[PDB]
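[1] just need the structure, nothing else, for what follows:
(one chain, ligands or ions: 3)
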Amino acid sequence: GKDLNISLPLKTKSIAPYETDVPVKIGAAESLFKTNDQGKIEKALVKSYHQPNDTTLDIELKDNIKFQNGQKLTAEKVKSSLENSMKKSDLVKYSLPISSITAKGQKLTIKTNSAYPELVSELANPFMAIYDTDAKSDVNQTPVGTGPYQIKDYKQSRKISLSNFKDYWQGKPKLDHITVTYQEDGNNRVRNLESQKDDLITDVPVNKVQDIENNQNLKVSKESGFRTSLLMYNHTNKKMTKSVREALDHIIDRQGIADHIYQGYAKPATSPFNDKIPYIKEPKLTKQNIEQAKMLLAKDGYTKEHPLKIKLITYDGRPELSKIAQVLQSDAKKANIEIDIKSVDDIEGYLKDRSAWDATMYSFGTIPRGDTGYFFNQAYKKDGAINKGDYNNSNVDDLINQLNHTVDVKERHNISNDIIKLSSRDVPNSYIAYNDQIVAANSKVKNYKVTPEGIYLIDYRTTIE
Ligand SMILES: N[C@@H](Cc1c[nH]c[nH+]1)C(=O)O
Ligand SMILES: N[C@@H](Cc1c[nH]c[nH+]1)C(=O)O
Ligand code: NI
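    Residues are numbered from 1 along each chain as shown. Ligands and ions are numbered 1, 2, ... in the order given. Okay, here it is:
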């Protein structure tokens with residue numbers, strides 16, 4: 001009827017908003033701010049805000065908003081939500097250097113100790129979505145949000161059931177129910193869509209695009225976006241030296257990968273950030289050189305008789321990562337590296353054991369809100385939430401720390417390009433491709449979001465015709 005079936009990769013454990021962006025993606029939760037279809041920060045739950053000085057953020061909330069349990073969205077509710085999320089998530093905590101919050105009625109005041117220009121931006125982060133901390137349910141299973149669809153049931157790591165929240169503040173949502181099921185294999189997601197088991201899928205494997213495009217019952221939406229695929233190194237393993245990272249960097253054939261593995265739905269990467277961003281000064285493009293790699297590995301004493309052994313992790317959720325892994329393995333052998341590929345079902349959990357991997361295929365949304373600061377803080381600082389390999393360089397730290405209190409946007413761009421230049425010399429990770437998000441749906445599904453931030457999907461206008 002008006003029921004939507006969605007199939008996603010990257011199964012969750014907790015679906016608390018501070019653990020995963022899935023609640024924002026599927027329409028259950030909303031952040032104070034958002035980015036619009038053109039990537040600009042906008043007020044969402046906020047009616048007005050002011051910044052009377054560089055340590056004060058005054059927010060007035062809209063007065064017509066309720067949580068899905070009927071409770072009013074007030075400043076005290078936003079205060080308790082933000083404080084809980086900071087307390088429970090390192091990602092949130094490190095993105096929000098908030099020193100204190102006061103609340104009365106619909107107005108809250110957020111204070112910092114010093115200037116943090118990216119505060120408002122990070123309040124648009126989906127991990128900062130607002131939920132009812134007083135709700136009498138487990139926030140890890142059925143958080144209560146302000147979004148158009150309330151989570152009614154959660155089968156852990158498998159299925160999310162949502163129902164229309166009729167009093168949703170923007171208007172009456174257009175679906176009755178939504179069912180979200182996790183499926184890590186991209187080919188399976190496509191088969192599910194083709195057999196109408198599901199109506200809407202993300203992360204379509206590039207080699208299935210043509211098959212879906214030929215189907216008049218289906219439609220494919222591609223978006224160039226700001227997601228980057230990479231080879232992430234484990235810097236806590238002493239064998240993963242600069243020579244080894246440089247060697248592996250030169251075993252990658254980025255242009256070949258973009259042309260043949262992504263079949264043109266990607267561009268070769270240099271820095272974390274898509275080169276279509278005008279102010280980014282990219283480092284030189286690394287071209288595959290097996291002899292150079294072989295040479296570098298001689299610096300650490302590796303030979304055909306005594307090769308470097310690398311345990312490389314991968315996962316199915318982003319369909320092209322394991323295809324890249326396969327050709328890295330084949331090519332690395334020519335450079336006296338024996339790569340063992342291990343595909344895992346729960347990548348975030350697996351990487352927590354730093355003794356269990358040397359490198360990993362990975363993918364990250366490196367600039368979801370128009371600023372490079374988020375990535376540097378989460379990926380290049382010790383204990384940042386996506387710094388799985390524990391990359392840290394005090395010289396890079398210093399620039400990131402300076403960036404964090406830099407207000408002038410032109411100066412931000414300059415410091416950012418300095419960080420890119422300096423960090424690139426370490427080869428903290430090998431960035432492989434800026435690749436398109438590809439979404440496919442039954443032709444009767446209308447008005448879902450496929451926009452460059454790669455976060456949003458469902459809103460109150462998404463429907464079935
Ligand atoms: N950050 C990786 C792994 C992940 C699992 N869940 C969320 N992320 C990716 O998005 O592909
Ligand atoms: N899956 C999203 C969000 C995330 C946070 N941590 C890991 N992933 C990304 O990779 O950008
Ligand atoms: Ni991720």
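
[2] strands of the stretch 51-200 of the chain, start to end?
    56-61, 98-104, 107-112, 149-155, 159-164, 177-182, 200-201 (DSSP state E, counting those that start in this stretch).

[3] need these in JSON lines with distance to residue 274 and mean neighbour count, can you?
    In short, each C-beta sits where N, CA and C put it, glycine included. Converted to JSON lines, the strands of the stretch 51-200 of the chain look like this (distance: least, CB to CB, whole Å; neighbours: other CB atoms under 10 Å):
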{"stretch": "strand 56-61", "distance to residue 274": "29", "mean neighbour count": "18"}
{"stretch": "strand 98-104", "distance to residue 274": "30", "mean neighbour count": "15"}
{"stretch": "strand 107-112", "distance to residue 274": "30", "mean neighbour count": "18"}
{"stretch": "strand 149-155", "distance to residue 274": "31", "mean neighbour count": "20"}
{"stretch": "strand 159-164", "distance to residue 274": "30", "mean neighbour count": "20"}
{"stretch": "strand 177-182", "distance to residue 274": "27", "mean neighbour count": "21"}
{"stretch": "strand 200-201", "distance to residue 274": "24", "mean neighbour count": "26"}
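
[4] how about the ones you listed, which one is nearest ligand 2?
    strand 177-182 (13.1 Å; CB to the nearest ligand atom).

[5] pull up the pairing partners for the closest one, direction included.
    With DSSP bridges as the test, strand 177-182 is paired with strand 3-8 (parallel), strand 159-164 (antiparallel).

[6] neighbouring contacts of that strand?
    Strand 177-182 is touched from outside by 2-12, 22, 26-27, 149, 157-164, 198, 458, with contacts defined as CB atoms under 8 Å, 6 or more residues apart in numbering.

[7] ok, of those, which come out buried?
    Buried members of these, scored by 16 or more other CB atoms under 10 Å, are 4-12, 22, 26-27, 149, 160-164, 198, 458.

[8] list the contacts of the residue lying closest to residue 434 once chain neighbours are set aside.
    With sequence-adjacent residues excluded and distances taken as CB to CB, 6 or more residues apart in numbering, residue 434 is closest to residue 274, at 4.3 Å. Contacts for residue 274 (CB under 8 Å, 6+ apart) come out as 224, 225, 226, 228, 267, 280, 366, 367, 434.

[9] what of residue 46?
    Taking CB under 8 Å, 6+ apart, one finds 32, 33, 59, 60, 61, 62 in contact with residue 46.

[10] JSON lines for the residues you listed, including distance to ligand 2?
    Output for the contacts of residue 46, formatted as JSON lines (distance: CB to the nearest ligand atom, whole Å):
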{"residue": "32", "distance to ligand 2": "19"}
{"residue": "33", "distance to ligand 2": "17"}
{"residue": "59", "distance to ligand 2": "25"}
{"residue": "60", "distance to ligand 2": "30"}
{"residue": "61", "distance to ligand 2": "26"}
{"residue": "62", "distance to ligand 2": "27"}
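
[11] pull the most distant pair out of those residues.
    Distance extremes for the contacts of residue 46: the farthest pair is 33 and 60 at 13.2 Å, using CB to CB.

[12] what residue in the stretch 1-150 of the chain comes nearest to ligand 1?
    residue 10 (3.9 Å).

[13] what about the closest residue to that residue other than its chain neighbours, how many neighbours?
    Using CB to CB, 6+ apart and skipping residues adjacent in sequence, the residue nearest residue 10 is residue 317, 4.4 Å away. A count of nearby residues for residue 317, using other CB atoms under 10 Å, gives 22.

[14] cool, the one 5 residues further on as well?
    For residue 322, the tally of surrounding residues (other CB under 10 Å) stands at 16.

[15] the one 10 residues further on now?
    Residue 332 is surrounded by 23 other residues when neighbours are defined as other CB under 10 Å.

[16] could you do residue 171 as well?
    Count around residue 171 with other CB under 10 Å applied: 10.

[17] need the contact list for it.
    460, 461.

[18] what's the separation between the spatially most distant residue from the centre of the chain and ligand 2?
    Distance from the centre of the chain peaks at residue 305, with 40.6 Å (CA atoms, centre = their mean). Separation of residue 305 from ligand 2 (CB to the nearest ligand atom, to the nearest Å): 40 Å.

[19] residue boundaries of the helices in the stretch 351-465 of the chain?
    Secondary structure of the stretch 351-465 of the chain (DSSP state H, counting those that start in this stretch): helices at 373-375, 394-404, 409-426.

[20] kindly compare burial across those helices and name the winner.
    helix 373-375 (a mean of 23; mean count of other CB atoms under 10 Å).

[21] domain assignment for this protein?
    1-223+437-465, 224-436 (curated CATH domains).

[22] enumerate the residues of this structure near ligand 2.
    Within the chain, the positions near ligand 2 by CB under 6 Å from any ligand atom are 21, 363, 364, 365, 385, 386.

[23] which one of these is nearest residue 54?
    Of the residues of the chain next to ligand 2, the one sitting nearest to residue 54 (CB to CB) turns out to be residue 385, at 25.7 Å.

[24] what about the closest residue to the closest one other than its chain neighbours, neighbour count?
    Spatial nearest neighbour of residue 385, excluding adjacent residues (CB to CB, 6+ apart): residue 91 at 3.7 Å. Here the count is done by other CB under 10 Å, and residue 91 has 22 residues near it.

[25] return the residues in contact with residue 263.
    Residue 263 touches 206, 207, 209, counting by CB under 8 Å, 6+ apart.

[26] and the residue lying closest to the second one once chain neighbours are set aside, backbone torsions?
    It refers to residue 207. The shortest distance from residue 207 to any non-neighbouring residue, by CB to CB, 6+ apart, is to residue 263 (6.9 Å). Backbone torsions of residue 263, given as degrees, to the nearest 10, read phi 50, psi 50.
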